[PDB]
Amino acid sequence: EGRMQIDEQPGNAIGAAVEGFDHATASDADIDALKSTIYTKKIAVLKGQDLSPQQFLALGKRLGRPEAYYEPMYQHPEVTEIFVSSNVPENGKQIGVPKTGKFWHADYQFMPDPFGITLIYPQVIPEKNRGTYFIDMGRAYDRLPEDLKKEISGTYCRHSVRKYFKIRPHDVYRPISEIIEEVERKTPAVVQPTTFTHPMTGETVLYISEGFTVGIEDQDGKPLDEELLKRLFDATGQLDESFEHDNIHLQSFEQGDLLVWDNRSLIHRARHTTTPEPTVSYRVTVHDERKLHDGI
Ligand SMILES: C[N+](C)(C)CCO
Ligand SMILES: [Cl-]
Ligand SMILES: [Zn+2]
């Protein structure tokens, strides 16, 4: 320690900037303060980071236990634990996967044991159409009409990667039903409480996303009409294709920025592809000291 400085946005405004962060020398109290900032301000932007893939993973290890993405075509060639979103060929070759996350989601929401913190280290940044959209789903919950809160009290949601699973080079010439069935076998839909208590802040989080949440079920386990999910998506801002809804936060960044955010509370998505500008980003996803929620 001796130089890390966190500047939190005032009041209820989302976000914080962190200057002078060096993951190799930060103290234990520094890391604890940074983590408190992530859980309360939801997005911490580390400034002036110039890291190799190896150093990026080491930074993530300061915060928690990294997990490699379960489909290895997304993995960085040198560091299995880095997820690569890229549409810039490297010597003509495709590294990682292009056009990822073009839908509202929380990371690993379709898995039984989602990690609590996501780190994004942008490498190639669109000049004009840059940034990632975010919605804080605890704040979104609080802003729901009281009756809508009542309607989802006691319900459960099913989450699945089945809509957005990407065809892999190995899948060419396979019948489509075989892949559909493989996805159900490898990543069966996961049931979660529709709302859960955030272990670090105590706040109630509405844990749904247009991208991964495929059904809602009652406190007896019987499916409810998906019109309820549409009304929740609509109320929380996830159906607004203009991205002007009051819940929506556009997070921009510049070279050297490294975003760390609360993957319990937030959902995020890429912007519309309104320009041909490329994107390359490295992702590290870590488990912190608690499960997603205490029922996991
Ligand atoms: C990387 N995501 C899990 C967000 C989508 C890929 O299907
Ligand atoms: Cl994910
Ligand atoms: Zn994501």
# chains A, B, ... in the order shown; residues from 1 in each chain; ligands from 1
$ select_by_dssp --residues "stretch 66-259 of chain A" --states "alpha helix (DSSP H)" --output "PyMOL selection string"
chain A and resi 137-142+146-152+176-186+227-236
$ write_last_selection --atoms "N, CA, C and O atoms" --output "short mmCIF file (atom, residue, chain, number, x, y, z; two decimals), in the first residue's frame"
data_model
loop_
_atom_site.label_atom_id
_atom_site.label_comp_id
_atom_site.auth_asym_id
_atom_site.auth_seq_id
_atom_site.Cartn_x
_atom_site.Cartn_y
_atom_site.Cartn_z
N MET A 137 -29.56 -4.79 -10.75
CA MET A 137 -30.82 -5.50 -10.56
C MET A 137 -31.29 -5.50 -9.11
O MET A 137 -32.39 -5.99 -8.84
N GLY A 138 -30.49 -4.98 -8.17
CA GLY A 138 -30.99 -4.71 -6.83
C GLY A 138 -31.75 -3.39 -6.80
O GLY A 138 -32.85 -3.30 -6.26
N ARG A 139 -31.14 -2.36 -7.38
CA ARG A 139 -31.84 -1.09 -7.57
C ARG A 139 -33.07 -1.26 -8.45
O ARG A 139 -34.12 -0.68 -8.17
N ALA A 140 -32.97 -2.07 -9.52
CA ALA A 140 -34.15 -2.34 -10.35
C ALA A 140 -35.26 -2.99 -9.54
O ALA A 140 -36.43 -2.64 -9.69
N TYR A 141 -34.90 -3.95 -8.67
CA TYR A 141 -35.90 -4.57 -7.80
C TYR A 141 -36.60 -3.53 -6.93
O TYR A 141 -37.83 -3.52 -6.81
N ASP A 142 -35.81 -2.65 -6.30
CA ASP A 142 -36.39 -1.68 -5.38
C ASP A 142 -37.38 -0.76 -6.07
O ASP A 142 -38.36 -0.33 -5.45
N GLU A 146 -44.95 -2.11 -6.00
CA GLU A 146 -45.10 -3.03 -4.87
C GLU A 146 -45.81 -4.32 -5.27
O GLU A 146 -45.43 -5.41 -4.83
N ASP A 147 -46.84 -4.22 -6.12
CA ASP A 147 -47.60 -5.40 -6.52
C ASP A 147 -46.74 -6.38 -7.31
O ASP A 147 -46.90 -7.60 -7.19
N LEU A 148 -45.85 -5.86 -8.16
CA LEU A 148 -44.95 -6.72 -8.91
C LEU A 148 -43.96 -7.41 -7.98
O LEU A 148 -43.69 -8.60 -8.14
N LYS A 149 -43.43 -6.69 -6.98
CA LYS A 149 -42.65 -7.36 -5.94
C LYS A 149 -43.43 -8.50 -5.31
O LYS A 149 -42.90 -9.59 -5.10
N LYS A 150 -44.72 -8.27 -5.03
CA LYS A 150 -45.53 -9.31 -4.41
C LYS A 150 -45.69 -10.50 -5.33
O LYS A 150 -45.62 -11.66 -4.89
N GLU A 151 -45.89 -10.25 -6.62
CA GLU A 151 -46.15 -11.33 -7.56
C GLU A 151 -44.97 -12.28 -7.68
O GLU A 151 -45.16 -13.48 -7.88
N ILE A 152 -43.74 -11.76 -7.55
CA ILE A 152 -42.56 -12.63 -7.68
C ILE A 152 -42.08 -13.16 -6.34
O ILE A 152 -41.19 -14.02 -6.32
N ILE A 176 -28.45 -30.57 -36.19
CA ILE A 176 -28.67 -29.54 -35.18
C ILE A 176 -29.28 -30.12 -33.90
O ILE A 176 -28.96 -29.66 -32.80
N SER A 177 -30.11 -31.17 -34.01
CA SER A 177 -30.72 -31.73 -32.81
C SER A 177 -29.68 -32.35 -31.88
O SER A 177 -29.85 -32.31 -30.65
N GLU A 178 -28.61 -32.91 -32.43
CA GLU A 178 -27.57 -33.50 -31.59
C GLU A 178 -26.90 -32.44 -30.73
O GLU A 178 -26.53 -32.71 -29.58
N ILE A 179 -26.70 -31.24 -31.28
CA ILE A 179 -26.08 -30.15 -30.53
C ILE A 179 -27.04 -29.62 -29.47
O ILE A 179 -26.64 -29.35 -28.33
N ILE A 180 -28.30 -29.42 -29.85
CA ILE A 180 -29.33 -29.01 -28.89
C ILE A 180 -29.35 -29.97 -27.69
O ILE A 180 -29.34 -29.55 -26.53
N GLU A 181 -29.36 -31.28 -27.97
CA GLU A 181 -29.38 -32.28 -26.90
C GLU A 181 -28.10 -32.24 -26.07
O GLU A 181 -28.15 -32.37 -24.84
N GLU A 182 -26.95 -32.06 -26.72
CA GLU A 182 -25.69 -31.94 -25.99
C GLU A 182 -25.71 -30.74 -25.05
O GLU A 182 -25.21 -30.82 -23.91
N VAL A 183 -26.27 -29.62 -25.49
CA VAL A 183 -26.32 -28.45 -24.62
C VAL A 183 -27.18 -28.74 -23.39
O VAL A 183 -26.81 -28.38 -22.27
N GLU A 184 -28.32 -29.43 -23.57
CA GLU A 184 -29.15 -29.76 -22.42
C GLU A 184 -28.43 -30.73 -21.48
O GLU A 184 -28.60 -30.65 -20.27
N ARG A 185 -27.63 -31.65 -22.03
CA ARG A 185 -26.89 -32.59 -21.20
C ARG A 185 -25.74 -31.92 -20.46
O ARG A 185 -25.53 -32.15 -19.27
N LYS A 186 -24.96 -31.10 -21.17
CA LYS A 186 -23.76 -30.52 -20.57
C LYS A 186 -24.11 -29.37 -19.63
O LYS A 186 -23.46 -29.20 -18.60
N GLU A 227 -45.50 -14.49 -19.62
CA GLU A 227 -45.89 -13.08 -19.62
C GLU A 227 -45.36 -12.36 -18.39
O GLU A 227 -45.06 -11.17 -18.46
N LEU A 228 -45.24 -13.07 -17.25
CA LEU A 228 -44.66 -12.47 -16.05
C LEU A 228 -43.21 -12.07 -16.28
O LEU A 228 -42.80 -10.96 -15.93
N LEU A 229 -42.41 -12.95 -16.90
CA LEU A 229 -41.02 -12.59 -17.20
C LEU A 229 -40.94 -11.39 -18.14
O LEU A 229 -40.09 -10.51 -17.95
N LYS A 230 -41.83 -11.33 -19.14
CA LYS A 230 -41.82 -10.19 -20.06
C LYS A 230 -42.14 -8.90 -19.32
O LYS A 230 -41.54 -7.85 -19.60
N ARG A 231 -43.07 -8.95 -18.37
CA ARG A 231 -43.39 -7.76 -17.61
C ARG A 231 -42.24 -7.34 -16.71
O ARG A 231 -42.00 -6.14 -16.52
N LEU A 232 -41.49 -8.32 -16.18
CA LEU A 232 -40.31 -8.00 -15.38
C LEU A 232 -39.18 -7.45 -16.25
O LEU A 232 -38.52 -6.47 -15.87
N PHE A 233 -38.93 -8.08 -17.41
CA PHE A 233 -37.97 -7.52 -18.36
C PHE A 233 -38.35 -6.10 -18.74
O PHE A 233 -37.50 -5.20 -18.78
N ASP A 234 -39.64 -5.88 -19.00
CA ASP A 234 -40.10 -4.55 -19.39
C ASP A 234 -39.91 -3.56 -18.25
O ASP A 234 -39.41 -2.45 -18.47
N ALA A 235 -40.30 -3.94 -17.03
CA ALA A 235 -40.18 -3.01 -15.91
C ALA A 235 -38.73 -2.65 -15.63
O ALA A 235 -38.43 -1.51 -15.25
N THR A 236 -37.81 -3.59 -15.80
CA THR A 236 -36.44 -3.33 -15.37
C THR A 236 -35.60 -2.68 -16.46
O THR A 236 -34.45 -2.32 -16.18
#
$ residues_near_ligand --ligand "ligand 2" --cutoff "9 Å" --atoms "only C-alpha atoms and all ligand atoms" --output "JSON, numbers by chain"
{"A": [69, 101, 105, 106, 107, 108, 109, 110, 111, 114, 285]}
$ residues_near_ligand --ligand "ligand 3" --cutoff "12 Å" --atoms "only C-alpha atoms and all ligand atoms" --output "number ranges by chain"
A: 69, 83-85, 99-110, 114-115, 117-120, 132-134, 164, 209, 211-212, 260-264, 266-270, 281-285
$ select_by_dssp --residues "stretch 13-102 of chain A" --states "strand (DSSP E)" --output "PyMOL selection string"
chain A and resi 16-19+43-46+65-66+83-86
$ write_last_selection --atoms "N, CA and C atoms" --output "JSON list (two decimals), in the first residue's frame"
[["chain", "number", "residue", "atom", "x", "y", "z"],
["A", 16, "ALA", "N", -16.99, 3.75, -9.53],
["A", 16, "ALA", "CA", -15.85, 4.33, -8.84],
["A", 16, "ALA", "C", -14.63, 4.22, -9.74],
["A", 17, "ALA", "N", -13.70, 5.17, -9.61],
["A", 17, "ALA", "CA", -12.40, 5.10, -10.27],
["A", 17, "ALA", "C", -11.31, 4.81, -9.25],
["A", 18, "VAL", "N", -10.35, 3.98, -9.63],
["A", 18, "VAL", "CA", -9.26, 3.57, -8.73],
["A", 18, "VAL", "C", -7.94, 3.91, -9.40],
["A", 19, "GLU", "N", -7.18, 4.80, -8.77],
["A", 19, "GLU", "CA", -5.88, 5.23, -9.27],
["A", 19, "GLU", "C", -4.77, 4.60, -8.43],
["A", 43, "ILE", "N", -19.33, -1.04, -9.90],
["A", 43, "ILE", "CA", -18.34, -1.06, -10.97],
["A", 43, "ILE", "C", -17.13, -0.25, -10.52],
["A", 44, "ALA", "N", -15.97, -0.89, -10.45],
["A", 44, "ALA", "CA", -14.72, -0.19, -10.16],
["A", 44, "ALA", "C", -13.85, -0.20, -11.41],
["A", 45, "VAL", "N", -13.42, 0.98, -11.84],
["A", 45, "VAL", "CA", -12.56, 1.11, -13.01],
["A", 45, "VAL", "C", -11.14, 1.34, -12.51],
["A", 46, "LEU", "N", -10.28, 0.33, -12.66],
["A", 46, "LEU", "CA", -8.86, 0.48, -12.36],
["A", 46, "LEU", "C", -8.21, 1.23, -13.52],
["A", 65, "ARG", "N", -10.88, -16.55, -6.77],
["A", 65, "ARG", "CA", -10.38, -17.77, -7.39],
["A", 65, "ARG", "C", -10.89, -17.82, -8.83],
["A", 66, "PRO", "N", -10.03, -17.64, -9.83],
["A", 66, "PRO", "CA", -10.51, -17.60, -11.22],
["A", 66, "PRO", "C", -11.07, -18.94, -11.66],
["A", 83, "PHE", "N", -10.89, -15.52, -20.72],
["A", 83, "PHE", "CA", -11.91, -15.60, -21.76],
["A", 83, "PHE", "C", -11.68, -14.47, -22.75],
["A", 84, "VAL", "N", -11.68, -14.78, -24.04],
["A", 84, "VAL", "CA", -11.32, -13.80, -25.06],
["A", 84, "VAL", "C", -12.51, -13.55, -25.97],
["A", 85, "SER", "N", -12.99, -12.32, -25.97],
["A", 85, "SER", "CA", -13.94, -11.84, -26.95],
["A", 85, "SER", "C", -13.17, -11.02, -27.99],
["A", 86, "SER", "N", -13.18, -11.46, -29.25],
["A", 86, "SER", "CA", -12.32, -10.83, -30.25],
["A", 86, "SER", "C", -12.88, -11.02, -31.65]]
$ residues_around --residues "stretch 252-256 of chain A" --least-positions-apart "6" --cutoff "6 Å" --atoms "only C-alpha atoms" --output "JSON, numbers by chain"
{"A": [48, 49, 50, 131]}
$ closest_residue --among "A:195, A:37, A:155, A:129" --to "residue A:273" --atoms "only C-alpha atoms"
A:129
$ closest_residue --among "A:286, A:200, A:135, A:161" --to "ligand 1" --atoms "only C-alpha atoms and all ligand atoms"
A:161
$ residues_around --residues "residue A:220" --least-positions-apart "3" --cutoff "12 Å" --atoms "only C-alpha atoms" --output "ChimeraX atom specification"
/A:154-156,216-217,223-224
$ write_last_selection --atoms "N, CA, C and O atoms" --output "PDB file, in the first residue's frame"
ATOM      1  N   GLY A 154     -41.551 -15.517  -3.533  1.00  0.00           N
ATOM      2  CA  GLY A 154     -41.677 -16.958  -3.459  1.00  0.00           C
ATOM      3  C   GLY A 154     -41.513 -17.709  -4.768  1.00  0.00           C
ATOM      4  O   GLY A 154     -41.659 -18.936  -4.773  1.00  0.00           O
ATOM      5  N   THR A 155     -41.211 -17.034  -5.874  1.00  0.00           N
ATOM      6  CA  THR A 155     -41.088 -17.743  -7.137  1.00  0.00           C
ATOM      7  C   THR A 155     -39.641 -18.173  -7.382  1.00  0.00           C
ATOM      8  O   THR A 155     -38.716 -17.780  -6.672  1.00  0.00           O
ATOM      9  N   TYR A 156     -39.467 -18.985  -8.425  1.00  0.00           N
ATOM     10  CA  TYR A 156     -38.180 -19.480  -8.885  1.00  0.00           C
ATOM     11  C   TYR A 156     -38.063 -19.260 -10.383  1.00  0.00           C
ATOM     12  O   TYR A 156     -39.064 -19.280 -11.114  1.00  0.00           O
ATOM     13  N   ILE A 216     -40.211 -18.898 -15.415  1.00  0.00           N
ATOM     14  CA  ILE A 216     -40.465 -18.611 -14.010  1.00  0.00           C
ATOM     15  C   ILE A 216     -41.492 -19.618 -13.494  1.00  0.00           C
ATOM     16  O   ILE A 216     -42.389 -20.038 -14.236  1.00  0.00           O
ATOM     17  N   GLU A 217     -41.327 -20.041 -12.236  1.00  0.00           N
ATOM     18  CA  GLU A 217     -42.083 -21.128 -11.624  1.00  0.00           C
ATOM     19  C   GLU A 217     -42.541 -20.709 -10.241  1.00  0.00           C
ATOM     20  O   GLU A 217     -41.868 -19.931  -9.566  1.00  0.00           O
ATOM     21  N   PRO A 223     -44.733 -24.323 -13.585  1.00  0.00           N
ATOM     22  CA  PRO A 223     -44.412 -23.176 -14.444  1.00  0.00           C
ATOM     23  C   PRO A 223     -45.506 -22.118 -14.420  1.00  0.00           C
ATOM     24  O   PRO A 223     -46.697 -22.422 -14.385  1.00  0.00           O
ATOM     25  N   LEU A 224     -45.078 -20.865 -14.410  1.00  0.00           N
ATOM     26  CA  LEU A 224     -45.961 -19.719 -14.536  1.00  0.00           C
ATOM     27  C   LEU A 224     -45.862 -19.178 -15.955  1.00  0.00           C
ATOM     28  O   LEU A 224     -44.865 -19.389 -16.646  1.00  0.00           O
TER      29      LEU A 224
END
$ closest_residue --among "A:160, A:153, A:9, A:242" --to "ligand 1" --atoms "only C-alpha atoms and all ligand atoms"
A:160
$ closest_residue --among "A:259, A:124, A:58, A:157" --to "residue A:196" --atoms "only C-alpha atoms"
A:157
$ closest_residue --among "A:287, A:170, A:163, A:143" --to "residue A:61" --atoms "only C-alpha atoms"
A:287
